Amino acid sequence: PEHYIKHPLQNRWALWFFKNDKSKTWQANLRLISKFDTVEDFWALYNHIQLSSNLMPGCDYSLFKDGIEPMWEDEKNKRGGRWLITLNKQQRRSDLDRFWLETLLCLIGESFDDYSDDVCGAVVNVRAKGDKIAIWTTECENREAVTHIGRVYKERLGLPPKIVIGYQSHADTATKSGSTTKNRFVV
């Protein structure tokens, strides 16, 4: 069985791509790349596609659980929020790709123990003003879920303890921007 059966993932996942075409609406710029539910198929997908650090600025990858679209408006996201990692241009070179891979590994490997069920997906934004990586969770009011996820994610990324990351609710983000919206939680 180990000799010939692929290793099943707890969840089936969908990888999405966003390209910044300024002539189309945000939603219209969203493209489904592929779905997978094994370790082997994940790697086949990962080895085939551009590293985030090689994407044109304005583009995104999203990895979301199958059945959850990578937008605030989805039922699984509307009450949720994101743990946000903000990177400068030096970090594009040194941290972006390794941080994004590690984030993928946390999702597909169900690394958040009990609270992995609260995870919806993750998004990497490649941007001239600073790249971002974020884990989206389902319920901003699940304080224990949100804190456990944040703390494990920070540890897995290997961020020095002194480096604080914030959690932003989507509702707040929707009426402001990523760098004007306030933190509901920190870790």
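So that the term is clear: the rigid core is the largest set of C-alpha atoms that superpose within 1.5 Å between two forms. So that there is no doubt, residue numbering starts at 1 and follows the sequence shown.
K.L.:
Superpose by the rigid core and compare 141-149 with 27-35; which one moves more, by C-alpha RMS, in 7 other deposited structures of this protein?
P.N.:
After the core superposition, the stretch with higher RMS deviation in 7 other deposited structures of this protein is 27-35.
K.L.:
Output the stretch, either 162-170 or 17-25, that has more C-alpha displacement from this form in 7 other deposited structures of this protein following superposition by the rigid core.
P.N.:
Between the two stretches, 17-25 moves farther in 7 other deposited structures of this protein.
K.L.:
At least a third of the other compared entries leaving residue 183 unmodelled, is that the case?
P.N.:
Residue 183: modelled in every other compared entry.
K.L.:
Quick check on the record: does 120-128 or 48-56 carry the larger mean Cα temperature factor?
P.N.:
The entry gives the higher C-alpha B-factor average to 48-56.
K.L.:
Out of 18-26 and 161-169, which one has CA B-factors that are higher on average in the deposited record?
P.N.:
Mean CA B-factor is higher for 18-26.
K.L.:
Given 63, 135, 33, 39, identify the residue with the highest C-alpha B factor in the PDB entry.
P.N.:
If I rank 63, 135, 33, 39 by C-alpha B-factor, first place goes to 33.
K.L.:
Taking the values exactly as deposited, rank residue 100 by C-alpha B-factor within its chain and report the matching third: lowest, middle or highest.
P.N.:
It falls in the bottom third of the chain.
K.L.:
Quick check for you: using the entry's CA B-factors within this chain, is residue 115 in the lowest, middle or highest third?
P.N.:
For residue 115, whose C-alpha B-factor we compare with every modelled residue in the chain, the answer is the highest third.
K.L.:
In terms of the CA temperature factor given in the entry, to which third of its chain does residue 89 belong: lowest, middle or highest?
P.N.:
Highest third of the chain for residue 89's C-alpha B-factor.
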